[PDB]
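Single chain ahead, written as structure tokens, the form deposited in one PDB entry.
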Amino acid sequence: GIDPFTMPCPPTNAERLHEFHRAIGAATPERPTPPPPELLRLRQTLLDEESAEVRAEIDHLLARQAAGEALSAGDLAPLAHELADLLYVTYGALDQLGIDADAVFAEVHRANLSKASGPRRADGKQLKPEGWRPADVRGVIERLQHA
């Protein structure tokens, strides 16, 4: 069974949040766990704050472009920073719910990539292909509960 020959993928961003939560002493659960209302309100506040910052940075970029400015790659840095902050609190929320963000994201990706294989309307709107199946997030969460 176990011998000296007995014996690991690089961490994902969702895993980084699990590690952060350990570091801040938050003890977040391994499996999906209904939160107290205080936790939901905290998560909402964090989402609102970062969404607002992203929105403000896009607004600032659009304003400069409206003035006739070409933006540089460096001009993108505040927006990139706030988008990454938004990932952090979005992953943060899933991690505090005990829900494996990568498992859920894979399911959403599956349905989105599948939809991308459909044709487009003449106006450019994406249509679904025949046999398309919606993201089954309820099924994902049920699977995560048993292991």
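Residue numbers here begin at 1 and follow the sequence given. Only residues modelled in both forms are compared. Take the two forms, find the largest set of C-alpha atoms that superpose within 1.5 Å, and that set is the rigid core.
- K125, present in the displayed chain, goes without coordinates in a third or more of the other PDB entries compared that cover both sides of it.
- The entry models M7 and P8 with a gap of 1 to 3 deposited residues left without coordinates.
- Look at the mean CA B-factor for 51-59 and for 86-94 in the entry; the higher one is 51-59.
- Just going by the entry, 25-33 versus 62-70 on mean CA temperature factor gives the higher value to 25-33.
- Note on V108, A116, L40, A122: the highest value goes to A122, judged by CA B factor as recorded.
- Ranked by Cα temperature factor within the chain, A14 sits in the middle third according to the deposited record.
What comes next is about the form deposited in another entry, which does not appear here.
- Residue displacement note: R133 has its CA displaced by at least 2 Å between the shown form and the other one (rigid core superposed).
- Remark: with the core as the superposition reference, the CA shift of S117 between the shown form and the other one reaches 2 Å or more.
- In sequence order, the one region between the shown form and the other one where at least three consecutive C-alphas each move 2 angstroms or more after rigid core superposition is 117-133.
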